[PDB]
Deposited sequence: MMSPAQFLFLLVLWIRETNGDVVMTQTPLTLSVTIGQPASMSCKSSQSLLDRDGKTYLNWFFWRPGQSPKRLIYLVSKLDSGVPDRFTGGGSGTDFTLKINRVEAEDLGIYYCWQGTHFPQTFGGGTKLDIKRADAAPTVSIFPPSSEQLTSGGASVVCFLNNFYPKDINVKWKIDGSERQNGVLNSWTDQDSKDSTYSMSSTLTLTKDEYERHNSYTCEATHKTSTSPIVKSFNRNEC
């Protein structure tokens, strides 16, 4: 639309007994000239929790303005209630939403188990070459994977897929795949999967030599 709705954090770690707070900052003041301020909160079909800062049917949430800075506080989280929260505006045409805050369960920090796999003989046989790197059971979700070929970072052609929170471990697993052509895969000899995570000052580095 026009007004930008910046939400933080992207993922808010929660503990099922404790409070929780999220923020929503607008590009422009939501204070309307009719006196009212049209800020809502949705939970994800999507259904809204709050209008203007009052609840209306949820309830246990808050609920706080104003101007360009807004917050949503849960006095005590439950597993209800685990999901994405979007803020919303109508100053203001057109209505815009925020990027959403996803709530996940807070667990002890864990480093990923990194495994790197070269292209199989069958795929090279078909003229393609994919290098696969598994980053398994880590917390929190935030993680950074970097691919290096002969010591030089490769950005193009990398697809990353994350699981959701496990619900048994409360960990995440992610997959990183670097797809080359077969011709350029044989053009290099060192393939490196480098993972940077909060659980270490130094990146976990797994590699193989073609």
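In sequence order, name the stretches of the deposited sequence that have no C-alpha in these coordinates. Unmodelled stretches, in sequence order: 1-19, 64-70, 237-239.
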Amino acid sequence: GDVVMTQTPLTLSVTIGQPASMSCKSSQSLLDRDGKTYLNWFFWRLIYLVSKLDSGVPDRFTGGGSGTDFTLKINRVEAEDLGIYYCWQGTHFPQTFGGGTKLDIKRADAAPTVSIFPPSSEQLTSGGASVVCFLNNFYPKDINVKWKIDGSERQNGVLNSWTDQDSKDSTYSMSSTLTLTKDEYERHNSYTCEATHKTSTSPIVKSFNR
From here on, numbers count along this sequence of modelled residues.
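On average, which has the higher Cα B-factor in the deposited entry, 185-193 or 8-16? Higher mean C-alpha B-factor in the PDB entry: 185-193.
Identify the stretch, either 172-180 or 143-151, whose C-alpha atoms have the larger mean B-factor according to the entry. Mean C-alpha B-factor is greater for 143-151.
Reading the B-factor column of the entry, which of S51, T163, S26, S66 has the highest value at its C-alpha atom? Each of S51, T163, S26, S66 was compared by C-alpha B-factor; the highest is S66.
For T91, does the deposited CA B-factor place it in the lowest, middle or highest third of the chain? CA B-factor rank for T91: middle third.
In terms of the chain's CA B-factor thirds, is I74 lowest, middle or highest? It falls in the middle third of the chain.
Position of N40 among the chain's modelled residues by C-alpha B-factor, lowest, middle or highest third: It falls in the bottom third of the chain.
How does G127 rank on Cα B-factor within its chain, lowest, middle or highest third? Highest third, going by the recorded CA B-factors of the chain.
Chain thirds of CA B-factor: placement of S120: For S120, whose C-alpha B-factor we compare with every modelled residue in the chain, the answer is the middle third.
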